[PDB]
Number of protein chains: 2
Amino acid sequence: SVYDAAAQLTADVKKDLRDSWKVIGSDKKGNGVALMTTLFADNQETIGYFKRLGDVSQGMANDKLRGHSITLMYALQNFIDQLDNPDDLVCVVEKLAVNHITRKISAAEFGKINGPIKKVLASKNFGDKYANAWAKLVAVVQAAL
Amino acid sequence: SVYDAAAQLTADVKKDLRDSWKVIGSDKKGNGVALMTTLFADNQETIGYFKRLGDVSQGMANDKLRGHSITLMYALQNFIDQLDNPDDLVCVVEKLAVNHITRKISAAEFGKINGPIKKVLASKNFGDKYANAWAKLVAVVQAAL
Ligand code: HEM
Ligand code: HEM
């Protein structure tokens, strides 16, 4: 279950998530837009799902993309803040899952975000260990999809 | 105009928002649920819009309501963090506005949250001065609906 997935994140994994978030979460606008632009560059097949945002190739200049990207970073902020209480983490994860289920986003498709996250982490010198930690958090959401 | 509304957030208003947020934002789960339960209690005619959350009278015991409430507080955190840059505040406000326009929420009905905000602030010893500052922030969202 989602609870099981959340109730699997160990102290060491939580430590790595918090340490890396202190850095990538410090520039939500810059890193949020970087995450989305990287997703669109490496997974062009996902561009169609974001038609509400308009021309996503405009990057930072696109107000709707910027607003979406900053907001996405607060969903991650939410998750990081709830790490020590699986019950709370589960209810916020399920809420975000519903927002993606309504858009027909499968667990496999949601997992496409792992590549962009790995690249953004690497830009701040956080290596594979950190990428693996984030994949475990992403897997908690996948358990709800 | 959302831009003219954002211009109403002067130095003094921003300071009052930050100072009060330091307190109410410290307990997102507790104060978030308190905000929602107060809204439902004083404006029963709005409960119909939240059918997805199930039995809202259950308060904290309702997992969907708790998830929704915590997430709502991160939207406010987002707004507070963007007070320095009007261009960024506007794009995150417009993003939130879209989520409410889709649910058929008018500027007038969105404004019903002012009563609950005043009450929650009052319970923490923050008076009308602070309630008025928060009404100005809510007004920016209203301008986008
Ligand atoms: C770290 C992972 C991700 C997080 C935290 C996240 C977060 C969010 C948030 C907060 C929203 C706004 C929800 C709303 O207001 O309705 C959103 C919207 C959306 N997300 Fe994600 N998302 C993630 C990954 C993905 C992936 C990988 C896809 C697609 C392959 C995806 C597709 C969508 C779509 C299509 C929307 C709707 C955009 C719109 O029309 O405004 N998301 N996401
Ligand atoms: C400070 C004021 C408010 C904030 C920051 C706020 C924030 C939010 C957020 C973040 C969501 C989730 C969006 C999504 O994932 O689709 C939401 C949903 C919603 N809001 Fe608000 N909101 C506020 C006031 C109101 C008011 C006063 C009403 C109506 C009288 C309203 C009606 C709704 C409804 C119906 C939903 C959808 C709930 C669901 O089915 O999940 N909101 N709001």
Side-chain angles (χ1 to χ4, degrees), chain A residues 1-3 6 21 25-33 36 50-54 56 58-103 140-141 144, chain B residues 1-3 6 21 25-33 36 50-54 56 58-103 140-141 144:
Chain A
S1 67
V2 180
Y3 185 69
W21 184 248
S26 65
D27 181 7
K28 293 184 170 65
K29 176 168 64 177
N31 293 319
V33 171
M36 293 300 299
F50 297 93
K51 274 298 177 294
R52 186 188 76 73
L53 308 183
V56 298
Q58 286 295 68
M60 196 66 81
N62 185 322
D63 279 309
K64 293 178 184 299
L65 178 60
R66 201 167 67 255
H68 165 84
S69 303
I70 291 170
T71 300
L72 179 153
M73 296 298 273
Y74 278 96
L76 293 180
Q77 181 67 58
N78 189 347
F79 291 178
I80 295 297
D81 288 345
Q82 315 314 320
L83 289 178
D84 295 316
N85 190 322
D87 289 304
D88 292 334
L89 179 62
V90 169
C91 74
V92 297
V93 162
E94 297 196 307
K95 188 278 185 297
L96 183 138
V98 172
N99 286 164
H100 290 79
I101 289 168
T102 59
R103 269 85 177 201
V140 178
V141 184
Chain B
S1 175
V2 64
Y3 289 98
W21 182 247
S26 67
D27 181 18
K28 296 183 177 63
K29 178 167 62 177
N31 294 325
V33 173
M36 295 298 302
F50 300 84
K51 299 297 297 180
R52 186 188 80 74
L53 307 184
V56 297
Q58 293 181 176
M60 192 67 76
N62 182 319
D63 297 317
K64 290 178 295 183
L65 177 58
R66 199 172 65 254
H68 164 83
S69 297
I70 293 173
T71 304
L72 176 153
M73 295 298 274
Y74 278 95
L76 292 184
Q77 179 70 56
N78 187 347
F79 294 170
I80 294 296
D81 287 340
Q82 313 315 317
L83 287 176
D84 290 315
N85 189 312
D87 294 313
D88 292 338
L89 175 62
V90 169
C91 75
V92 294
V93 166
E94 295 189 314
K95 184 283 184 297
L96 185 63
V98 177
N99 291 78
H100 291 80
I101 290 171
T102 58
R103 270 83 174 202
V140 181
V141 183

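The chains referred to below are lettered A, B, ... by the order of the sequence lines, with proteins before strands, and numbering in each begins at 1. Both backbone and side-chain heavy atoms feed into the values below; hydrogens, waters and symmetry mates do not.
- No part of B:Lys28 comes within reach of chain A, as not one of its non-hydrogen atoms sits under 4.5 angstrom from that chain.
- Heavy-atom distances place no part of A:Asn62 under 4.5 Å from chain B, backbone and side chain included.
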N/O donor-acceptor pairs under 3.5 Å from side chains in residues 90-102 of chain A, not counting sequence neighbours:
from	atom 1	to	atom 2	distance (Å)
A:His100	ND1	A:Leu96	O	2.9
A:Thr102	OG1	A:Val98	O	3.3
A:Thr102	OG1	A:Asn99	O	3.0

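- The candidate with the highest count of non-hydrogen atom pairs below 4.5 Å against chain A, out of B:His68, B:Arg66, B:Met73, is B:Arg66.
- Remark: A:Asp87 CG to B:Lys29 NZ distance equals 8.0 Å, nearest 0.5 Å.
- Taking OG1 of B:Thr71 as the start and CG of A:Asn78 as the end, the distance is 5.0 Å to the nearest 0.5 Å.
- For A:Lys64, the NZ atom sits in a loose shell: 12 or fewer heavy atoms of surrounding residues, nucleotides or ligands are nearer than 6.0 Å.
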